[PDB]
């Protein structure tokens, strides 16, 4: 989408994975989907260094709406859970130097059963712009035809443009097309700043593996369309929650950097460990994810329960990730000729290699003839940056 936005992958916080559709504000006031929850996350994004690291978009997912539209046919936030309304929340978020994302659905209802946007695309876009919304996640539930799906996503894209406000447009179009016909990613990229490809993430290593394996399987089709203005979205970061070991969290951070994925945390910023916070705020890894060149990495090799991924970066540098997919035993040794990396150019005549994950360590100079040897933890990843000696 050529709207001047998402020139690097969007970074921020989205409530869905950790908070879901919790409407019980009476019994769970601190975890229900409410204006107070978002104010708390905004305050912590400022005070705990998240904004400084690049996490800029504070996004509402499903279950913010009132059960029905108002007398004017416009969407409204829930009167009890969002008493001051979305425009007022957007004012607060902006006063912290942050941006607000909101959620809507192309069909007749949202996935949770709240008002859909079919029939109201222009009214809904103008409402969002009037509210000061900075990003829209547009879901695909309750949509009876592929044609309505396509028409709705394109129509909403254009209506957002017509409002005159800069609004990141996050689509789920491919995900809902895929079971029925193969998406045309050139078209989707014309209309979307990033697009969900695969099933929802959850708090599990199984989910991470299946997202990586799907991206791996379809990379011929999706890698080259990604670039400034339009990204593949493998769904939220779940670092900081409950289901991933430290090494599985490292694998997610490293591979979301390799994949030039949007970095949407879905966690509880009020209760997050120092390790998880340091990983999500890792400056070198975010710099890889945010590389201005914007070329999505890809899987180079797969075999012996090992995976090698690499990503070309700005100025003749490369990122390389090595995954140990064996879920038994100990740190397993992997060696690869450095001449096989970076299309044979990364380390010709030589390169300086810095390991970034799981710990930062300079490895030294590698000649074009060298072999790189590493020990990779089960379900973990070693992330390296290669700088050509020039």
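Here the rigid core means the biggest group of C-alpha atoms that line up within 1.5 Å when the two forms are laid on top of each other. Numbering follows the first chain given and starts at 1.
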With the rigid core as the fit reference, the stretch showing the greater C-alpha departure in 7 other deposited structures of this protein, 174-182 or 250-258, is 174-182
Of 97-105 and 249-257, which one has the bigger average CA B-factor?
-> 97-105
Of 270-278 vs 144-152, the stretch with the larger average CA B-factor in the entry is 144-152
Residue with maximal Cα B-factor (values as given in the PDB entry) among 241, 204, 197, 163 | 163
Criterion, highest CA B-factor; candidates, 178, 231, 298, 318 | 178
Ranked against its chain, the third holding the CA B-factor of residue 311 | lowest
Residue 264, C-alpha B-factor rank within chain (lowest, middle or highest third) | lowest
Could you say whether, by C-alpha temperature factor, residue 350 belongs to the lowest, middle or highest third of its chain?
-> middle
Of the three thirds of its chain by CA temperature factor, lowest, middle or highest, which one includes residue 86?
-> middle
Going by the entry, which third of its chain does the Cα temperature factor of residue 23 land in?
-> highest
